[PDB]
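Novice:
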Amino acid sequence: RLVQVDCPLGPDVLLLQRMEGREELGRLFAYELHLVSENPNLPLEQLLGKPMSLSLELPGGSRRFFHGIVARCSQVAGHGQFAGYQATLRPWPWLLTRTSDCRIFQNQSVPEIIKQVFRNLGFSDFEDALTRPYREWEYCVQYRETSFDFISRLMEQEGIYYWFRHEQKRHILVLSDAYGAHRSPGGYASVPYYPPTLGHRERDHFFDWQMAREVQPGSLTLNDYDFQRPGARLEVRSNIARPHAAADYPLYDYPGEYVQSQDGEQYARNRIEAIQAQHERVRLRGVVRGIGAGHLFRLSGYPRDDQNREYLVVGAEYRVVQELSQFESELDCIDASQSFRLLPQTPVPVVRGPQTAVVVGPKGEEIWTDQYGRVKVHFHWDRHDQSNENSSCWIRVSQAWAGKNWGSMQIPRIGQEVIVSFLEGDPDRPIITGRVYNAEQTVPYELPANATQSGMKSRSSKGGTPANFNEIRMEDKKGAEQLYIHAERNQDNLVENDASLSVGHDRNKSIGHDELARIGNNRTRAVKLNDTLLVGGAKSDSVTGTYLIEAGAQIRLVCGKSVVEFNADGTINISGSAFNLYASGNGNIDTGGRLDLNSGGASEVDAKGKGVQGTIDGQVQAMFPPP
Amino acid sequence: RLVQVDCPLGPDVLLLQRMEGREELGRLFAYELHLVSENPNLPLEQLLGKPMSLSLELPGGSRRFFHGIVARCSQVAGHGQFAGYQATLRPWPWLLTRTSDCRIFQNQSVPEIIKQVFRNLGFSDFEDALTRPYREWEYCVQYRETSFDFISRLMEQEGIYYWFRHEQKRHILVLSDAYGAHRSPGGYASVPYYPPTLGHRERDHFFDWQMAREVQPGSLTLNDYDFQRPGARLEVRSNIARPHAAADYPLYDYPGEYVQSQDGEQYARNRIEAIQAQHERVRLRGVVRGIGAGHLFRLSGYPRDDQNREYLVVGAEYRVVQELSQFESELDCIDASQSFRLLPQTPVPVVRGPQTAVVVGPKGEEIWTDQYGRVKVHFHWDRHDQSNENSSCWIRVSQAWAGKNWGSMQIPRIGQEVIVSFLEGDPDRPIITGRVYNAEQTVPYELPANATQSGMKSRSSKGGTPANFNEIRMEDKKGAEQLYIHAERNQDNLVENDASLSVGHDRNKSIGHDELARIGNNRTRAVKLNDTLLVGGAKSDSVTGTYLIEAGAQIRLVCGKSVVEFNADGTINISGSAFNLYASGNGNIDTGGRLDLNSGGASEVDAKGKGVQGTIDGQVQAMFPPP
Amino acid sequence: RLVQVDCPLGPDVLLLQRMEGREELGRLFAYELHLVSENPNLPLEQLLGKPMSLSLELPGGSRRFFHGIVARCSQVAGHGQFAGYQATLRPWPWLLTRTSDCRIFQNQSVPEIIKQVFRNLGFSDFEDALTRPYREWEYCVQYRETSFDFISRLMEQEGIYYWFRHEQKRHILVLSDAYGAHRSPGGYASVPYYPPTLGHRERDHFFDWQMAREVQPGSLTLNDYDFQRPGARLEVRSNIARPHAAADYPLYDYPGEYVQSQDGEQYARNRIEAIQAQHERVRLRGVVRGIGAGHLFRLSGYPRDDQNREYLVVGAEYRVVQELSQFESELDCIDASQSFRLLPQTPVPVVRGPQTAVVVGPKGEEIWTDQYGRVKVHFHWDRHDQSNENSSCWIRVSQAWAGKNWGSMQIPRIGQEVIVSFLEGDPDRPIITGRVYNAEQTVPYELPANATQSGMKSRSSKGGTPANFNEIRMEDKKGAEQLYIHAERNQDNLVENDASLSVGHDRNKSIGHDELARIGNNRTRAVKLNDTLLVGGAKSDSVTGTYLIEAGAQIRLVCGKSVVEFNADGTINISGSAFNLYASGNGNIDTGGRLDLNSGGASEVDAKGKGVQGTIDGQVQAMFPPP
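Chains as they are written, first to last, in the authors' numbering: chain C, 5 to 328, 338 to 640; chain B, 5 to 328, 338 to 640; chain A, 5 to 328, 338 to 640.
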């Protein structure tokens, strides 16, 4: 009689005036449901967005459900017999387009990731019929895209495709990597071909047919780069030849998003097979019902016996017409022994430009890095991360100068706001290209007042304060320029060879404790004018050889009352309270003139107020006054 | 009669054989007309690009105007009686698609900006029927886009739309953000629906009606970030419940282009209104001459009574056929209870990489910055600005090391060629990323010659001449390495605790004026071999405690003829022209052997030319030779 | 009669049942050959990818040759004698879409680059009929695009076109930018027009015509910038006008991708002239067999005199059907006097973000640069070069300060991995924005193990090893802070004003050889406690002025047995083994008490173990102990 609308609100509540079903491997199904009803104003929103099915009398009397979700709907002007209720029926996955995200995945397999999305969604009606094992993707960020988009890209990359199973009350997103996950139609595993020239045969059969071949590229070369093995060559290449002429045009790519040549070949292969599947296509149109995408069936009756064979349907469509059933269907397929693949046509969220993030790591860490200077960050957009070393993977950082164990070293600290960019805008390839001072990260030299100051102030780690720093500052202030040097605790200046110091004006040197100055060879120095030395304690000179005290004018010695004068003319005056001159052997005293004693000739020698400890110390304390 | 025409080259001269028009709220209109004329060579260019209208014979003989500008035209097939001509009318706003530019706006509301654009255009034919106040865009820029594109984006951002309105001799852009901006045509306050089963009615009526339903998202989350207030959780969310199922899917975006979540909500509301408006669509077809886009009317006669409502036409189709006549129309409308916010369908130019900018400010300034180190810059593409502080807003800049009141920093100067990009390529979110040398701004150490020279050279400010600078110059030249420091002023070497200096060879030191040396505690010095000290003035030793002078081989003192020789063998020789040995108390002169006076045993010890002040001077000036 | 087939699988085996020819200047043709053949199972793959030829009978029996290659071949349900097949004939350039890569072209004219591609693919079937000279570009680059796309784009941007010639067995790509490479249409130098209203005039004439007009812009201003001539005003502008209302709408782009304003003007014209042309075009239809794209002929018979002009066919349509027959043609043209201009409609691969590369240069270099500090790099994506100084053009690099011969200067060396970005994503505008470390280019400080020593390392050049370098480090280690300097050779610290040193604790200086110092004024040295000085050799002080020695407590002189004690009470003890006191004039000795000689009251002063020599030497050796 007719195809009964086995749906919500009853079956007979809706009658199938006409249906246009559409199925495709690796894509969302779509069905036009021209359902009609005795209810002249059946509130459309009551089934809009809800699951429903349709029961098609298949071969053997079996039934094909056309289950999906009412994606869209519309009432249609009609007649007292019935009102039209057009509806677009589509599988759960279109719902994934209704939520966008900016979520980081880390070392997770594609199945893991996708299923996790499903777990997040609460999606259960799906099935894992993969045929190829998967590697965990060390980093994979969902970014400015819907879950649908994200997963779709993961799918095409991996050569994954889907088929959906129609069940009266549900519709299963079946994951498949190959024909082994597919099945023949119930009561229709094989079908005759009865060309249109025969009019019609009651057995479901095919009658329309088309075969076409196309020119394709000779090969695909991919390439990539891994800084951890920088000199390694990751270039790969898939070479395929076809029956057509000139099959010799190579394609090249970089980066291919892989670190092993085996992945390069796998993904090149997935892409190539998707392409190769297009080399020759088979089209069929019949009055068949059982067949659909993801089904395996054998054609028979076609003049070409190389067409009379089993096929895996890639594209399928259905036609139902019922006066208030007529039935047609058309296929687009590949041989049943093939593994369907799709090209990565899903758009890639391109990182349009720079985005900052907070440097993070372990909560008790401050310089969270590794041997490459890579760090973890917290992106401002990542509303789902842990703001720690698990918020992202390690990210390389630019330097002022960077070579083989030489160059600058400014390895980020936690809490810094840094600028992240992506290699060719690819969210999975971050790199730090800058650092920005902000309300927290404030400039060493208060701006704009100290805009003329430049250099660097550090901060001790771990746990150093803003006072605990080493620094260098060059004051540019015209007329008051200045080089400030600050060692927070130590200065080791190594001058491997010769050293030189020049001061245009005055030298102010001071040290809190002791100072040792040893000269490997000789030392010579001079003071242009007066050379004064104050000693708060004692003074001791030790020359192994000869020590010459040379001076023009008068050399003077004063120690309390001990006073000695050494005039340039040799008039040497010596005195104090007493004296004792002694020779263990002989002694001689002579004069050029007369020598007398106990005569009053010699007299006391004036100390000039010198040699007084109190005075000396006063000078010393003036030199070293208290702070 | 038929349809009346009113245009350049003659009103009656052209007869509208047929017309296919289209108007939409917030969008450009288009009228395709086929008119015929007794002029067998009607000059296309004399109406192409020109304003003109149609006087549609409304009820009562009133006329509905369809004024527009001939965007396109064509002499087409026709007859000797009336030659055929075709033309496409478009709005004055459409004309903006013919012009493009690169211009920055700063602190202007969208209404303000657009009206200024209108002033630039001379576009006086518009109305301001907006009820909401709009935020001044502190920075917003037109870049490589048409003026139309630019303002279209501004509108969509703020949700602004409009109603094209016509007058016999002009075309009006009725700017709108409110239902009250729209209105019914005279006699079209309530336009009836007279079923198609009636064929045609004498009263402008509708005969078609269609309603369609669509699944909408359920939540919209927007966010943004402010470095000036880094904890600035600018997250904001709009939510909506819909009649259908699956009315709960969340969306997320960041940055939302706002600094206040409330502004974000405006924007969120603009978007969610634009979105939810797609939930249900109402279509009508009739023979109605008056109601079109931006018009109000109550549907009167549709069998489904809850459709006999007042509607606002979102857009409309206009149809003419003429007997050489019937005017017909189709409406796209929303129920009076609904509002409208322009849908975000216009694309935006993206800054896919770095640009060159000039640091600017006051014309007499060298550093134009604020407390965040931000500066204003001038863009090469912004040919409208005067290369000054008004060229752009305060822009953030990457630095060597951001730190909280510490770090490595260098303040930018006016006239510098800098590397600038945008946050995520968004032209309204500028950020300075670096600096680069050029033909004028040459490297500190001229290349390629000075590739071995590295570090940095500053300049004094204001007035940093080539001489006025401080620098760090490191020489990596193999065999001629160096660590050179230049402090054009004072230099402060602070070492909080311990310091050390290692010199592989010789060390030279020279001070232009005096030297202060204050050893907090004890000083120990030594020279492995010889130590020479010269004094150009006087020397003054002042030791608080005991001052011991030891010489392993000989202590010698010479001041001219004053010569004292202390031989290690115990022989003490003292010579000069005279002596005065005196004890305040007693004294003893004893020998183990014989002591003879005027014996001839004592003589004058050779001074060796020492103590000759002139000789000494020779040595001093040897240390301090001219200049 | 008809169009005869000349092809693979046997010329007359295939019968042109229906052919849809499509031609256009500056665009690849397509001839859809619907053929029927006595071969009931004609191979598809043996036409596919192969050249095929047609011989369309013209007046006089002349055969208009067609030639192209099959991009697609399909088996169409047909009969025995006439089995249907469908072939897509494309021009050779179509095949260039089958290959894609990347590559840099330096100092290459576009004509040459084109020919390079031809040689690469063996595409000898072309004719160089270009008339304008083209710029030798220092840098063009193919990237992620087919060779076809690359060249097509490359041509569009320079105003280059490519035309075609159907030889019988070959199809020639007549490259040309001037109408001298056009021809009269095989003897149809003038083609009469017969109004369709006259009926189908029995001969090869036109039966249709359509002129159409459009509103155009009025001005295009482009601008660009060159840092090597940074004051450049490369801004260009070319203007147009049209018959319609004021064609005065300005356009503006920056950068316009040119370094020469003359070139910029041409580029403006490359866009503009086509835009100008967009104003008016003509469609023609007839059954004219010898006309087609690139043909120049006069239409003769269109009622409007203005249309009986010479026209250049821009594009064309052909339909050939055969009975075993009918022919029709239609075309898009411009007046022969109108200059054909190709718009830049091919997309340019956008550099979505940063790239990685390595600094390269001549093998004898370690640093390869120029007067701008630019470098050559080899790119990690550049899988098509040998990695040398010609692997790129000169590329700029960011710095910490870019001033006029001042600022920062870090120098990249050959072998360093670098970050390369492109201005606004423009593949022809590379710049280095950061240096990075990798497995080979390791970090100078161990990480995280030695992240506390912020700073830098270097290598002497040329030929400096890890032991030959200069380095700076800052220990930020909390509680172990330290500044450290390594001058591999000498060090020079210049302070032009006052220098100061403050060491909070202890300081240790060690000079490898000789130290020399001088004070340009007086000097005030002091210690707060003890001051000891050891001289391993001899010591000599030469004070040109008075030399006063002040000390409290006691002054001691020790040289072997020659020892003097100066007590603060003025008791002066001078003694040893012998003495010789001599006045060269008079001598006086007096006491206030009794002066006795050989009294026994004088004795040898205790040396205190000092003035020994060997012991003293040992002390010095303690001071300067062996390694």
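Just so you know, even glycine gets a beta-carbon here, dropped at the ideal spot from N, CA and C.
Find the nearest neighbour of B/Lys173 within the set B/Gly84, B/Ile73, B/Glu501 and B/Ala133, judged by alpha-carbon distance.
Specialist: The shortest C-alpha separation from B/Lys173 is found at B/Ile73.
Novice: Can you tell me the Cα-Cα spacing of A/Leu542 and B/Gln626, whole angstroms?
Specialist: Answer to the nearest angstrom: the Cα atoms are 32 Å apart.
Novice: Pop quiz: C/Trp381 and C/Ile427 are said to be a contact at Cβ under 8 Å. What is the actual Cβ separation, rounded to whole angstroms?
Specialist: About 6 Å separates the two Cβ atoms, so the contact holds.
Novice: By Cβ distance, which residues of its chain are closer than 6 Å to B/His499, with the 5 residues on each side in sequence left out?
Specialist: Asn483 and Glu484, listed in sequence order.
Novice: Give me the subset of the region 182-206 of chain A whose CB atoms are less than 7 Å from a CB atom of chain B, sorted by chain position.
Specialist: Cβ contacts with chain B: none found.
Novice: Determine, for C/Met636, whether the minimum Cβ-Cβ distance to residues of chain B falls below 8 Å.
Specialist: Judged by the 8 Å Cβ criterion, C/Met636 is in contact with chain B.
Novice: Might you give, ordered along the chain, the residues of its own chain that have their beta carbon closer than 6 Å to the beta carbon of C/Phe392, omitting 5 neighbours on each side?
Specialist: The answer, listed in chain order, is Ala370.
Novice: When you compare the region 76-86 of chain B with the region 29-41 of chain B, are there three or more beta-carbon pairs, one atom per stretch, that lie closer than 8 Å?
Specialist: Short answer: they touch.
Novice: Any idea which residues DSSP pairs C/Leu344 with across the strands?
Specialist: Looking at the DSSP assignment, C/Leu344 forms a beta bridge with C/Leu288 and C/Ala320.
Novice: Go ahead and pull the three-state DSSP assignment for C/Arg94.
Specialist: DSSP places C/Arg94 in strand when its eight states are reduced to three.
Novice: What did DSSP end up calling A/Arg102 once you bin it into helix, strand or coil?
Specialist: If DSSP states are grouped into helix, strand and coil, A/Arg102 belongs with the helices.
Novice: DSSP three-state label for B/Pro12, please.
Specialist: Here B/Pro12 sits in coil by DSSP.
Novice: Against chain B, which members of the region 400-430 of chain A pass a CB distance test of less than 9 Å?
Specialist: Listed by position along the chain: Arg409, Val410, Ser411, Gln412, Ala413, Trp414, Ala415, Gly416, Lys417, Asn418, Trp419, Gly420, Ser421, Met422, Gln423, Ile424 and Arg426.
Novice: For A/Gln358, count the other beta carbons within 10 Å of its own beta carbon; 16 or more makes it buried, fewer makes it exposed. Which is it?
Specialist: Exposed, since its Cβ has fewer than 16 Cβ neighbours within 10 Å.
Novice: Here's the rule I'm using: 16 or more other beta-carbon atoms within 10 Å means buried, otherwise exposed. How should C/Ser350 be labelled?
Specialist: Exposed is the call here.
Novice: Under 8 Å between C-beta atoms, does A/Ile602 make it to chain B?
Specialist: Yes, A/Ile602 counts as interfacial toward chain B.
Novice: Between B/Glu430 and B/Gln454, is the Cβ-Cβ spacing less than 8 Å?
Specialist: Their beta carbons are under 8 Å apart, which means B/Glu430 touches B/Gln454 by this criterion.
Novice: Under 7 Å, CB to CB, which of the residues in the region 522-536 of chain B have a partner in chain C?
Specialist: So the close ones are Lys522, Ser523, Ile524, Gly525, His526, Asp527, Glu528, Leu529, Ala530, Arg531, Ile532, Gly533, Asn534, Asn535 and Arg536.
Novice: Of the residues A/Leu58, A/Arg233, A/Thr150 and A/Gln90, which one's Cα is nearest the Cα of B/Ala452?
Specialist: If we check each option's Cα against that of B/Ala452, A/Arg233 comes out closest.
Novice: Could you pull the start and end residues of the alpha helix (DSSP H) that C/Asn274 belongs to?
Specialist: Counting along the chain, the alpha helix (DSSP H) containing C/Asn274 begins and ends at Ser265 to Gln280.
Novice: Going by alpha carbons, who is nearest to B/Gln8 out of B/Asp489, B/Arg293, B/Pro367 and B/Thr101?
Specialist: Among B/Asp489, B/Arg293, B/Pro367 and B/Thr101, the Cα nearest to that of B/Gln8 belongs to B/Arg293.
Novice: Are the beta-carbon atoms belonging to A/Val456 and C/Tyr385 less than 8 Å from one another?
Specialist: Yes, the Cβ-Cβ distance between A/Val456 and C/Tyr385 is below 8 Å.
Novice: Quick one: residues in its chain with C-beta nearer than 6 Å to the C-beta of C/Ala193, no 5 flanking neighbours on either side, listed in chain order?
Specialist: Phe301.
Novice: List the residues that DSSP assigns as beta-bridge partners of B/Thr537.
Specialist: DSSP lists C/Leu529 and A/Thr545 as partners of B/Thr537.
Novice: The alpha helix (DSSP H) spanning C/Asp630 covers which residue range?
Specialist: C/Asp630 -> alpha helix (DSSP H) spans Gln626 to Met636.
Novice: My output table needs one value for B/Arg123: the three-state DSSP class, helix, strand or coil.
Specialist: Helix, per DSSP.
Novice: What in chain A is Cβ-close to C/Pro221, meaning under 7 Å?
Specialist: Those within 7 Å of C/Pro221 in chain A are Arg102 and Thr103.
Novice: What's the gap between the Cα of B/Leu202 and the Cα of B/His209?
Specialist: So the alpha carbons of these two residues sit roughly 11 Å apart.
Novice: Can you tell me the Cα-Cα spacing of C/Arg5 and C/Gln326, whole angstroms?
Specialist: Going by the C-alpha atoms only, they are around 9 Å apart.
Novice: Can you find the residues in the same chain that come closer than 7 Å, C-beta to C-beta, to B/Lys54, ignoring five residues on each side of it along the sequence?
Specialist: Correct list, in chain order: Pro12, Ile73 and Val74.
Novice: Contact between the region 582-597 of chain A and the region 588-596 of chain B: three or more CB pairs below 8 Å?
Specialist: Contact holds: three or more Cβ-Cβ distances are below 8 Å.
Novice: Indicate, with yes or no, if the ligand ADP has a heavy atom lying under 7 Å from the CB of A/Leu303.
Specialist: By its list of ligands, the structure shown contains no ligand whatsoever, and the ligand ADP lies outside what it can speak to.
Novice: Any beta carbon of chain B sitting closer than 8 Å to that of A/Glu277?
Specialist: False, the Cβ-Cβ gap to chain B never drops below 8 Å.
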